[PDB]
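S.K.:
2 protein chains.
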Amino acid sequence: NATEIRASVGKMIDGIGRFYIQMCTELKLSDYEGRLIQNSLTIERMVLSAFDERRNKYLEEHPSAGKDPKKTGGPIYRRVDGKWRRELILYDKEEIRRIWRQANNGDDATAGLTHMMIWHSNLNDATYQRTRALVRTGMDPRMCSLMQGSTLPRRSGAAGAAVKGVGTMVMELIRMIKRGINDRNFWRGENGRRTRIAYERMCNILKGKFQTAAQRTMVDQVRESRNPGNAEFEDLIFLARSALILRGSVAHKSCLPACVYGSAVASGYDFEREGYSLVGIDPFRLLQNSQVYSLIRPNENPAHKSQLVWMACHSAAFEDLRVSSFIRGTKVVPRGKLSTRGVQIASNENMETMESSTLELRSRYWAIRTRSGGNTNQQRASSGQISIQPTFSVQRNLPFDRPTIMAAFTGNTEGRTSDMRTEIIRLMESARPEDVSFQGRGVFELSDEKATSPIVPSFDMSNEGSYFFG
Amino acid sequence: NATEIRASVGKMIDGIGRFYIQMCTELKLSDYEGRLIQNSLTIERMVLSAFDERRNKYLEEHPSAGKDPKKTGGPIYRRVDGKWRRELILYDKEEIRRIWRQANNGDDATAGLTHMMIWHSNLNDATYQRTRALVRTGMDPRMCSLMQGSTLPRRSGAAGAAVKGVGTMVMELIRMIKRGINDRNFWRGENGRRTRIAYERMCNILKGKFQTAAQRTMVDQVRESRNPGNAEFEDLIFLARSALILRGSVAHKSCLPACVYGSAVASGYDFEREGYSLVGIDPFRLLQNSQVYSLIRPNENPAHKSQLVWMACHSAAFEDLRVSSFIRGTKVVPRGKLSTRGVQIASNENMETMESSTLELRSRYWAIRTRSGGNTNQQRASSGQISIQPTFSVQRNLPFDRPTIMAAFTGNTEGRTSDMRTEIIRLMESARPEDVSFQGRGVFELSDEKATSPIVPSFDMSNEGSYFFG
RNA sequence: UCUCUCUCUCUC
RNA sequence: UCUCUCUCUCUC
RNA sequence: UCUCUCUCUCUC
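Put into structure tokens, the structure is as follows:
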């Protein structure tokens, strides 16, 4: 059944929206002030800090960073008769914790929290990619397209586990491997137990994310090493390099800024009644009638800023430029020639140069974001029955496709990773960059509500460049 | 997190400084005497001898060199009413070992020891380059710029492993190869095991230091030889010759003399509270308000001595003269016309000719010393994505950059070193001596604390000579 | 080398 | 990820 | 699945 999940997501988004309304009430902000991305970012990171129990518990035992008992940050921006001002106002954790407490009818709202962490992951992935950590681990910065949800902490649950990508998991595993190489953390203490439990859980998440059998079995053989040394390091690097083409269907949750949700909730559009979806038309239908303001530097182009924020909202920073432009309706500028900077504003930059303006979010078309992979993998490995069932009682043979039956079982168990690298490189060679994917699907029009008739895109515009980076 | 490392380095430097204060207390030296480079050198080499367990353990079984149970050296210089005197005072190992024992709150202070070895490496590299060992190994003395940390012993840890350079590792590997050629040390005894363990660890350090993939794979194929004969000898020589241009980002730790640290600690500038950094502005900000005295021969120019000691402190002996002068503010004299000698003073030279004077260390500007390489390598091999991730569930192809996918994996494994020498010489030909490096970075002013605005240097002063040697 | 291996971000 | 990993079905 | 999982029988 899908009605229950729809009601649950509608309920928790209604809670988030009415929390945002409560914030707009308590901050004494004007109508325009509540349509700002920056203040939503500030309050939302404040919520992240308040609800992150582990960092807090690390902090009350560590009274450092000067003024840090329980209050952090808070750069609220207010419009003064056309000009702008920034104030560093500090808020307690317990008060706003309880404001959430009645902002969700007595619940913890963990799903909402995961929504905020995921929307932060999308903003960071859209703005800045961490080539720095990649090169730190020795890992090639050519594969930044594997950095989905890198800024996410491990505190996120299964819903948060859905969005964090393959390459980010390679990075976090490499971090723990380097730590275990530096010192003997693998002893029989409770620390070793929690490390191996986390390691096996993360490997299970990995094997869930992949699609082809060969990579799944190689990963299953990865955690056989009770004492991970150096071989699994290049094993995981090659895992990422092979997942370049055999990508895992991780997630692309379409999280939206708190201002848009709050404006919708304030207008009386209760999400529980008509339902809410995070994947279909629904996150789209709020945006063509949404007004968003933000601050811009006197050199930044607002036209680029609108495209970038729509990227971040729809987590399309790692999507191809051609289809993103087709859905948007206008050409999208790659990261190479963007005359803009990060949407976050520095704490030291001067107050005079900021100017507020409206953000354009309307898009001509819409499409469903499925958590799947390209059809090319199913082209490499076709589909069909392998077994048969006797319906009539007739004296006949039972046809069994035996050579694939051994392949599923792997009768002769794989010796090491290398034998798997062999046929996975063979599959990579079988791959082609002209393999059309997602057959039977298309882009629909905004007037469509039940996905009745799509239109297939056709891109013949030479080599404009399907690479947002470079 | 960077606060913990900052606190740790501040703590161990505070320990070193208060050890230096304890030494100034116990030596009964005057105020000027503690501002001398020579006495700091003597006590510091004494500490090196006391804390070097391997040489000690080689020595108590070898009672040679006459008076050598546990006491070595100690040429302390004292000012007598304007004149100078030198005394050979001998100190025990255990007493000063325990003085360190409470000089660091009960710790071994291995990081501090590594700091002293690295600062010795910088002094030796600044003063004298070992062309002698290069020619001994048959290795061309044109490449002395690869002699970073040559005097370092193998006892230094990972922090010490960071600073010892590529050419020095070529030299130590050549030494072990010559030893294994002379006699069959590669037998199945425990000695062979420790040799191969050290050899593979040092090769791992090498492959960590390099940047380009081709050299890394060639090095990975280097240790495939279970019995190293003669081919890997020219293989490593060519490795150094290729690393001439494709240099490895080894390290340039800015270690400072114990007198400067001790003066700062005595004044009450506790490093733990405000933090310490070895790489940023911090090692610089102590020096413009630091007073240093040293002995000089009646022919040596003190102006050259100040520049040389600032070179040694900042380990800029292998940096280009133009930028070093720009940061210093005054022209730097190359090794060709330096009317000075080594900062260490001979044990046989007469007492009458020594004269003490102040050392100039103040510099107009400051810059960050990153452990990176020139941008020219990234110009030869550009940057960008290689793989893509499906965000929307659309029937579409997954574009994979296959020809580089084989290149990362090396599907057809390299036959020997020669096929790699081919394209590495091709890359050397692609190299140009006009490739501007370190884009997006610059030199900042001393008034800057957060690296807000740099100024890019522009050198058009013909051919003054960017070669400290020759 | 988490005081910056490149596309730039105060954000640890 | 039950708003679609492929053969297409409004059927939850 | 008593309209036949093997040695064959209309026998219920």
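Respectively, the protein sequence lines represent chains F and U.
Under the UniProt record's numbering, the residues of the first sequence are numbered 21 to 490, in order.
Under the UniProt record's numbering, the residues of the second sequence are numbered 21 to 490, in order.
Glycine residues also receive a C-beta, built at the ideal position from the N, C-alpha and C atoms.
Which partner residues does U:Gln415 have in the DSSP bridge list?
M.R.: DSSP output for U:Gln415 lists F:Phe458 as bridge partner(s).
S.K.: Could you say which of F:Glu254, F:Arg216, F:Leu68, F:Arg243 lies nearest to U:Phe429 if we only look at CA atoms?
M.R.: Here the closest residue by C-alpha is F:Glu254.
S.K.: Against U:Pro322, what residues of chain F qualify as contacts under a CB-to-CB distance less than 8 Å, listed in chain order?
M.R.: None at all; the shortest Cβ gap to chain F is about 42 Å.
S.K.: Can you round the beta-carbon distance between U:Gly362 and U:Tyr97 to whole angstroms, since I take them to be within the 8 Å contact cut?
M.R.: Going by Cβ atoms, the distance from U:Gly362 to U:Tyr97 rounds to 16 Å, so no, they are not a contact pair.
S.K.: Per the DSSP calculation, F:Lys103 is bridged to which residue(s)?
M.R.: DSSP output for F:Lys103 lists F:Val100 as bridge partner(s).
S.K.: Can you list, in chain order, the residues of its chain with a C-beta nearer than 6 Å to that of U:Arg382? Leave out the 5 residues immediately preceding and following it.
M.R.: Counting only Cβ-Cβ distances below 6 Å, and skipping sequence neighbours, we find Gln308.
S.K.: To the nearest angstrom, how far is it from the Cα of F:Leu315 to the Cα of F:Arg55?
M.R.: F:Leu315 and F:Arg55: Cα-Cα distance of roughly 11 Å.
S.K.: Please classify F:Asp145 as buried or exposed, where buried requires at least 16 neighbouring CB atoms within 10 angstroms.
M.R.: It is buried - the Cβ of F:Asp145 has at least 16 other Cβ atoms within 10 Å.
S.K.: Are the C-beta atoms of U:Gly404 and some chain F residue less than 8 Å apart?
M.R.: Judged by the 8 Å Cβ criterion, U:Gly404 is in contact with chain F.
S.K.: Since F:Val183 is in the alpha helix (DSSP H), which residue starts that stretch and which ends it?
M.R.: First-last of the alpha helix (DSSP H) with F:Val183: 178 to 183.
S.K.: In this structure, does DSSP put F:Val186 in helix, strand or coil?
M.R.: Reduced to three states, the DSSP call for F:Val186 is helix.
S.K.: Hey, could you find the ends of the beta strand (DSSP E) U:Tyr487 is sitting in?
M.R.: Per DSSP, U:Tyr487 belongs to no beta strand (DSSP E) and is neither H nor E.
S.K.: Starting from the N-terminal side, write out each stretch of the alpha helix (DSSP H) that is 4 residues or longer and does not extend beyond the stretch 360 to 414 of chain F.
M.R.: Whole alpha helix (DSSP H) segments, 4+ residues: 396 to 400.
S.K.: Count the other CB atoms within 10 Å of the CB of U:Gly393; is the residue buried (16 or more) or exposed (fewer)?
M.R.: It counts as buried.
S.K.: F:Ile33 lies in the alpha helix (DSSP H); which residues open and close that run?
M.R.: F:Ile33 -> alpha helix (DSSP H) spans 23 to 46.
S.K.: Quick one: does U:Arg65 have its CB under 8 Å from some CB of chain F?
M.R.: Judged by the 8 Å Cβ criterion, U:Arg65 is not in contact with chain F.
S.K.: Could you tell me how far apart the beta carbons of U:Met32 and U:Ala123 are, in whole angstroms, since I believe they sit closer than 8 Å?
M.R.: U:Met32 to U:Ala123, Cβ: 11 Å. No contact.
S.K.: In terms of alpha-carbon separation, which member of U:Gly177, U:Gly249, U:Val183 lies closest to U:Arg204?
M.R.: Checked all of U:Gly177, U:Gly249, U:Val183; the closest Cα to U:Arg204 is U:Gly249.
S.K.: Would F:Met331 and F:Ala337 be called neighbours here (beta carbons separated by less than 8 Å)?
M.R.: Yes, the pair counts as a contact, with Cβ atoms nearer than the cut-off.
S.K.: Candidates F:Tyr313, F:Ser274, F:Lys325, F:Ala260: which alpha carbon is nearest F:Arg305's?
M.R.: Per the Cα distances, F:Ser274.
S.K.: Are the C-beta of U:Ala428 and some C-beta of chain F separated by less than 8 Å?
M.R.: Taking Cβ atoms only, chain F reaches closer than 8 Å to U:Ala428, which makes this a yes.
S.K.: Looking at F:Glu320: is its Cβ nearer than 8 Å to the Cβ of F:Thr360?
M.R.: In this structure, F:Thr360 lies closer than 8 Å to F:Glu320 by Cβ.
S.K.: Does chain U have any CB closer than 8 Å to the CB of F:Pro410?
M.R.: No, F:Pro410 does not count as interfacial toward chain U.
S.K.: Could you tell me the distance, in whole angstroms, from the CA atom of U:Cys279 to the CA atom of F:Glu46?
M.R.: Taking the straight line from one Cα to the other gives about 57 Å.
S.K.: Just mark F:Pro318 as buried or exposed, buried being the case when its beta carbon has 16 or more other beta carbons within 10 Å.
M.R.: By the neighbour-count rule (16 or more Cβ atoms within 10 Å), F:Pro318 is not buried but exposed.
S.K.: Got a sec? Which residues, its chain only, sit under 7 Å from F:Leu110 by beta carbon, not counting five neighbours each side?
M.R.: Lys91, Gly94.
S.K.: Checking contacts by CB at 8 Å: is U:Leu447 closer than that to chain F?
M.R.: By this cut-off, U:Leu447 is not an interface position.
S.K.: With respect to the beta strand (DSSP E) encompassing U:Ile316, which residues constitute its N-terminal and C-terminal limits?
M.R.: Here the beta strand (DSSP E) through U:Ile316 covers 312 to 316.
S.K.: In angstroms, rounded to a whole number, what distance separates the CA positions of F:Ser165 and U:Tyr219?
M.R.: Distance between the alpha carbons of F:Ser165 and U:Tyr219 is about 36 Å.
S.K.: Using a 10 Å radius around the Cβ and a threshold of 16 neighbouring Cβ atoms, would you call F:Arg293 buried or exposed?
M.R.: So F:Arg293 counts as exposed.
S.K.: Relative to the C-alpha of residue 499 of chain U, which residue among F:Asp112, F:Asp455, F:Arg106 is closest?
M.R.: Since the first residue shown for chain U is 21 and the last is 490, residue 499 of chain U is missing from the structure and cannot be characterised.
S.K.: Would you report the Cα separation of U:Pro423 and F:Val476, rounded to the nearest angstrom?
M.R.: Going by the C-alpha atoms only, they are around 30 Å apart.
S.K.: For the alpha helix (DSSP H) holding U:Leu256, just list the boundary residues, first then last.
M.R.: 251 to 263 is the extent of the alpha helix (DSSP H) around U:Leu256.
S.K.: For U:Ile425, would you say it is in contact with chain F, using Cβ-to-Cβ distances shorter than 8 Å as the test?
M.R.: Judged by the 8 Å Cβ criterion, U:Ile425 is in contact with chain F.
S.K.: Let me check understanding here. Comparing Cα to Cα, which of F:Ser367, F:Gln327, F:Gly86, F:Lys357 lies closest to U:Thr23?
M.R.: Of the listed residues, the one whose Cα sits closest to U:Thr23 is F:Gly86.
S.K.: Using a beta-carbon distance cut-off of less than 8 Å, what residues from the stretch 294 to 315 of chain U approach chain F?
M.R.: Here the close residues number zero.
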